[PDB]
There are 2 protein chains.
Amino acid sequence: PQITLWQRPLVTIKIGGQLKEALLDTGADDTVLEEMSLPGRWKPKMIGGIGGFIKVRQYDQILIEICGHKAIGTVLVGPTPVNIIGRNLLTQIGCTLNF
Amino acid sequence: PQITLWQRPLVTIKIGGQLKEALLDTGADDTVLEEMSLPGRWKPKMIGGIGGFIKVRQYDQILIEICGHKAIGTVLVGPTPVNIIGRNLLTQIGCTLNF
Ligand SMILES: C[C@H]1CC[C@@H](O)[C@H]1NC(=O)[C@H](Cc1ccccc1)C[C@H](O)CN1CCN(C(=O)CCc2cccnc2)C[C@H]1C(=O)NC(C)(C)C
């Protein structure tokens, strides 16, 4: 797909059999999802955004289908404004910027 | 050009004679730059993100040169850790997300 940026790039993702809206964020290194229950253990992470740092929990090897494209990688759960898809998953689905 | 997301999408921009390094961010609605002097009148704005809100100065109708391409728009100047080129100017250079 080709997505223009006139509007906010919100796509539908499927995680844990659920559907959610997520932001295709190229300026985000990591994928950060809203507070939810993921399986397995979690390690601690401190990520910094525009207003400083927050603490998140990292889950490894989570299957997440972004627009009919499967991806298995690291997902961070924490107090984020919206669900964010970062470069770690954007590269898995073959996402690039063109101009 | 086609920019892959293995690395951070950084590019050189020219604003007011100064050449700066900026990150192409599809997750950002606005364009925010590190503290600097821009001519004209400004308006205090409060923008939020991961970590919270920061107070920025809003300058309208500012010209920026993103990889040779010129773009005219509103740029916020404040205490940001990275120079962000948001959707408002991304659309101007015909920036698109493909996968
Ligand atoms: C994702 C993190 C993981 C690790 C870092 O990679 C990190 N990246 C980022 O945070 C980068 C900046 C950065 C990159 C590299 C080094 C340091 C900092 C910004 C992010 O891509 C854009 N971001 C998405 C979430 N946002 C929203 O949903 C807004 C919703 C909303 C609701 C109500 C009121 N206001 C806003 C805020 C928005 C943002 O920042 N927008 C502005 C205008 C402020 C720039």
# chains A, B, ... in the order shown; residues from 1 in each chain; ligands from 1
$ residues_around --residues "residue 29 of chain A" --least-positions-apart "2" --cutoff "9 Å" --atoms "only C-alpha atoms" --output "list in words"
residues 25, 26, 27, 31, 85, 86, 87 and 88 of chain A; 7 and 8 of chain B
$ residues_near_ligand --ligand "ligand 1" --cutoff "6 Å" --atoms "only C-alpha atoms and all ligand atoms" --output "list in words"
residues 25, 27, 28, 29, 30, 47, 48, 49, 50, 81 and 82 of chain A; 25, 27, 28, 29, 30, 47, 48, 49, 50, 81 and 82 of chain B
$ atom_distance --atom1 "atom CA of residue 13 of chain B" --atom2 "atom CA of residue 33 of chain B"
11.0 Å
$ interface_residues --of "chain A" --to "chain B" --cutoff "7 Å" --atoms "only C-alpha atoms" --output "list in words"
residues 1, 2, 3, 4, 5, 6, 23, 24, 25, 26, 27, 48, 49, 50, 51, 52, 53, 54, 80, 81, 87, 91, 93, 94, 95, 96, 97, 98 and 99 of chain A
$ write_last_selection --atoms "N, CA, C and O atoms" --output "mmCIF file, in the first residue's frame"
data_model
loop_
_atom_site.group_PDB
_atom_site.id
_atom_site.type_symbol
_atom_site.label_atom_id
_atom_site.label_comp_id
_atom_site.auth_asym_id
_atom_site.auth_seq_id
_atom_site.Cartn_x
_atom_site.Cartn_y
_atom_site.Cartn_z
ATOM 1 N N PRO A 1 0.855 -1.218 0.000
ATOM 2 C CA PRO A 1 0.000 0.000 0.000
ATOM 3 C C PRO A 1 0.864 1.232 0.000
ATOM 4 O O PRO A 1 2.054 1.149 0.299
ATOM 5 N N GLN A 2 0.284 2.349 -0.421
ATOM 6 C CA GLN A 2 0.972 3.630 -0.406
ATOM 7 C C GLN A 2 0.107 4.446 0.535
ATOM 8 O O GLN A 2 -1.116 4.520 0.351
ATOM 9 N N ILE A 3 0.699 4.983 1.589
ATOM 10 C CA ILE A 3 -0.090 5.766 2.511
ATOM 11 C C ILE A 3 0.431 7.197 2.489
ATOM 12 O O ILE A 3 1.634 7.432 2.629
ATOM 13 N N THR A 4 -0.459 8.138 2.194
ATOM 14 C CA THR A 4 -0.088 9.545 2.173
ATOM 15 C C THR A 4 -0.179 10.029 3.613
ATOM 16 O O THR A 4 -0.804 9.371 4.453
ATOM 17 N N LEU A 5 0.406 11.186 3.895
ATOM 18 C CA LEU A 5 0.429 11.687 5.260
ATOM 19 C C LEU A 5 -0.484 12.864 5.571
ATOM 20 O O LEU A 5 -0.298 13.530 6.582
ATOM 21 N N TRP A 6 -1.481 13.096 4.718
ATOM 22 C CA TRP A 6 -2.426 14.207 4.899
ATOM 23 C C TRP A 6 -3.263 13.994 6.147
ATOM 24 O O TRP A 6 -3.760 14.940 6.753
ATOM 25 N N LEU A 23 -0.504 3.500 15.195
ATOM 26 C CA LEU A 23 0.123 4.529 14.387
ATOM 27 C C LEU A 23 1.406 4.026 13.740
ATOM 28 O O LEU A 23 2.261 3.445 14.411
ATOM 29 N N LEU A 24 1.529 4.216 12.430
ATOM 30 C CA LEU A 24 2.744 3.818 11.729
ATOM 31 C C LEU A 24 3.730 4.958 11.993
ATOM 32 O O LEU A 24 3.689 5.998 11.332
ATOM 33 N N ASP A 25 4.591 4.756 12.985
ATOM 34 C CA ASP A 25 5.539 5.769 13.428
ATOM 35 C C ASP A 25 6.986 5.506 13.001
ATOM 36 O O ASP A 25 7.677 4.694 13.611
ATOM 37 N N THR A 26 7.473 6.239 12.008
ATOM 38 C CA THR A 26 8.848 6.048 11.557
ATOM 39 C C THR A 26 9.843 6.713 12.504
ATOM 40 O O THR A 26 11.041 6.413 12.490
ATOM 41 N N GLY A 27 9.339 7.638 13.310
ATOM 42 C CA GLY A 27 10.194 8.343 14.243
ATOM 43 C C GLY A 27 10.277 7.624 15.565
ATOM 44 O O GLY A 27 10.816 8.164 16.533
ATOM 45 N N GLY A 48 12.511 7.256 26.115
ATOM 46 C CA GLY A 48 12.318 8.692 26.153
ATOM 47 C C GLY A 48 11.590 9.223 24.938
ATOM 48 O O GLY A 48 11.933 8.895 23.805
ATOM 49 N N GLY A 49 10.560 10.020 25.175
ATOM 50 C CA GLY A 49 9.799 10.601 24.091
ATOM 51 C C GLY A 49 10.031 12.093 24.074
ATOM 52 O O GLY A 49 11.088 12.570 24.479
ATOM 53 N N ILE A 50 9.016 12.842 23.676
ATOM 54 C CA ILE A 50 9.137 14.291 23.609
ATOM 55 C C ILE A 50 9.148 14.944 24.990
ATOM 56 O O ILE A 50 9.828 15.954 25.209
ATOM 57 N N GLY A 51 8.436 14.338 25.933
ATOM 58 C CA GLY A 51 8.368 14.898 27.274
ATOM 59 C C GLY A 51 9.223 14.207 28.317
ATOM 60 O O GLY A 51 9.003 14.387 29.508
ATOM 61 N N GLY A 52 10.204 13.427 27.883
ATOM 62 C CA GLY A 52 11.044 12.733 28.836
ATOM 63 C C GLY A 52 10.851 11.237 28.785
ATOM 64 O O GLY A 52 10.298 10.700 27.830
ATOM 65 N N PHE A 53 11.242 10.573 29.863
ATOM 66 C CA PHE A 53 11.179 9.126 29.955
ATOM 67 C C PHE A 53 9.977 8.533 30.680
ATOM 68 O O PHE A 53 9.332 9.190 31.496
ATOM 69 N N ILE A 54 9.656 7.295 30.330
ATOM 70 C CA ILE A 54 8.587 6.551 30.979
ATOM 71 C C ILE A 54 9.135 5.134 31.120
ATOM 72 O O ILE A 54 10.143 4.782 30.495
ATOM 73 N N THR A 80 1.266 5.046 26.877
ATOM 74 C CA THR A 80 1.503 5.749 25.622
ATOM 75 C C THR A 80 0.202 6.396 25.147
ATOM 76 O O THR A 80 -0.883 5.875 25.412
ATOM 77 N N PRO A 81 0.287 7.537 24.446
ATOM 78 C CA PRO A 81 -0.925 8.215 23.967
ATOM 79 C C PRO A 81 -1.780 7.330 23.061
ATOM 80 O O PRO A 81 -3.003 7.317 23.183
ATOM 81 N N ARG A 87 10.036 1.354 14.123
ATOM 82 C CA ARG A 87 10.883 0.812 13.078
ATOM 83 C C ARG A 87 11.232 -0.657 13.201
ATOM 84 O O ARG A 87 11.567 -1.287 12.200
ATOM 85 N N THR A 91 10.209 -2.454 9.606
ATOM 86 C CA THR A 91 11.163 -3.113 8.717
ATOM 87 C C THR A 91 10.731 -4.539 8.401
ATOM 88 O O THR A 91 10.989 -5.035 7.302
ATOM 89 N N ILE A 93 7.657 -5.686 7.992
ATOM 90 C CA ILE A 93 6.613 -5.687 6.965
ATOM 91 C C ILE A 93 7.061 -5.048 5.646
ATOM 92 O O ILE A 93 6.287 -4.972 4.694
ATOM 93 N N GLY A 94 8.313 -4.603 5.599
ATOM 94 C CA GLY A 94 8.855 -3.981 4.403
ATOM 95 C C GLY A 94 8.413 -2.555 4.141
ATOM 96 O O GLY A 94 8.106 -2.196 3.004
ATOM 97 N N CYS A 95 8.435 -1.726 5.176
ATOM 98 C CA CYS A 95 8.027 -0.333 5.053
ATOM 99 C C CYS A 95 9.187 0.621 4.752
ATOM 100 O O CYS A 95 10.266 0.512 5.343
ATOM 101 N N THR A 96 8.956 1.546 3.823
ATOM 102 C CA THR A 96 9.961 2.537 3.431
ATOM 103 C C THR A 96 9.291 3.897 3.250
ATOM 104 O O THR A 96 8.061 3.993 3.248
ATOM 105 N N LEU A 97 10.103 4.941 3.130
ATOM 106 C CA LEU A 97 9.604 6.294 2.905
ATOM 107 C C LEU A 97 10.029 6.653 1.489
ATOM 108 O O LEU A 97 11.146 6.336 1.093
ATOM 109 N N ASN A 98 9.156 7.293 0.718
ATOM 110 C CA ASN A 98 9.503 7.663 -0.664
ATOM 111 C C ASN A 98 9.077 9.088 -0.999
ATOM 112 O O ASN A 98 7.962 9.496 -0.675
ATOM 113 N N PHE A 99 9.948 9.832 -1.671
ATOM 114 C CA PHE A 99 9.632 11.198 -2.080
ATOM 115 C C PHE A 99 10.556 11.680 -3.192
ATOM 116 O O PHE A 99 11.251 10.812 -3.761
#
$ calpha_fit_rmsd --fixed "chain B" --moving "chain A"
0.4 Å
$ select_by_dssp --residues "chain B" --states "helix (DSSP H, G or I)" --output "ChimeraX atom specification"
/B:87-93
$ select_by_dssp --residues "chain A" --states "strand (DSSP E)" --output "ChimeraX atom specification"
/A:2-4,10-15,18-24,31-33,43-49,52-66,69-77,84-85,96-98
$ residues_around --residues "residue 16 of chain B" --least-positions-apart "4" --cutoff "12 Å" --atoms "only C-alpha atoms" --output "tab-separated table (two decimals) with N, CA, C and O atoms, in the first residue's frame"
chain	number	residue	atom	x	y	z
B	20	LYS	N	20.70	21.77	9.38
B	20	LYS	CA	20.48	20.96	10.57
B	20	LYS	C	20.12	19.53	10.17
B	20	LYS	O	19.74	19.28	9.04
B	36	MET	N	16.08	27.88	18.87
B	36	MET	CA	16.81	28.70	17.92
B	36	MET	C	16.03	29.97	17.66
B	36	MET	O	14.85	30.07	18.02
B	37	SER	N	16.69	30.93	17.03
B	37	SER	CA	16.05	32.21	16.73
B	37	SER	C	15.47	32.24	15.33
B	37	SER	O	16.16	31.98	14.35
B	38	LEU	N	14.17	32.51	15.27
B	38	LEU	CA	13.45	32.64	14.02
B	38	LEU	C	12.79	34.01	14.04
B	38	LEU	O	12.33	34.47	15.09
B	39	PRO	N	12.80	34.71	12.90
B	39	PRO	CA	12.20	36.04	12.80
B	39	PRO	C	10.68	35.98	12.79
B	39	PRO	O	10.10	34.96	12.43
B	62	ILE	N	7.08	29.42	7.68
B	62	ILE	CA	8.54	29.36	7.71
B	62	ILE	C	8.93	28.42	6.58
B	62	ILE	O	8.27	27.40	6.37
B	63	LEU	N	9.98	28.76	5.84
B	63	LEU	CA	10.45	27.94	4.73
B	63	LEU	C	11.58	27.03	5.20
B	63	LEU	O	12.51	27.48	5.86
B	64	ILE	N	11.48	25.75	4.85
B	64	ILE	CA	12.50	24.76	5.21
B	64	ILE	C	12.88	23.99	3.95
B	64	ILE	O	12.03	23.74	3.09
B	65	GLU	N	14.16	23.66	3.82
B	65	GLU	CA	14.61	22.90	2.67
B	65	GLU	C	14.96	21.46	3.05
B	65	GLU	O	16.04	21.19	3.57
$ residues_around --residues "residue 34 of chain A" --least-positions-apart "2" --cutoff "6 Å" --atoms "only C-alpha atoms" --output "list in words"
residues 77, 78, 80 and 83 of chain A
$ write_last_selection --atoms "N, CA and C atoms" --output "PDB file, in the first residue's frame"
ATOM      1  N   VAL A  77       4.872  -2.400  26.412  1.00  0.00           N
ATOM      2  CA  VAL A  77       3.560  -2.000  26.932  1.00  0.00           C
ATOM      3  C   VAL A  77       3.741  -0.931  28.016  1.00  0.00           C
ATOM      4  N   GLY A  78       3.024   0.183  27.881  1.00  0.00           N
ATOM      5  CA  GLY A  78       3.141   1.250  28.855  1.00  0.00           C
ATOM      6  C   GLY A  78       2.141   2.367  28.622  1.00  0.00           C
ATOM      7  N   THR A  80       1.266   5.046  26.877  1.00  0.00           N
ATOM      8  CA  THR A  80       1.503   5.749  25.622  1.00  0.00           C
ATOM      9  C   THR A  80       0.202   6.396  25.147  1.00  0.00           C
ATOM     10  N   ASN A  83      -1.407   3.447  20.361  1.00  0.00           N
ATOM     11  CA  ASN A  83      -0.579   2.272  20.075  1.00  0.00           C
ATOM     12  C   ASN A  83       0.398   2.709  18.990  1.00  0.00           C
TER      13      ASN A  83
END
$ atom_distance --atom1 "atom CA of residue 45 of chain A" --atom2 "atom CA of residue 57 of chain A"
6.0 Å
$ atom_distance --atom1 "atom CA of residue 14 of chain A" --atom2 "atom CA of residue 75 of chain A"
13.0 Å
$ closest_residue --among "A:22, A:46, A:76, A:11" --to "residue 61 of chain A" --atoms "only C-alpha atoms"
A:76
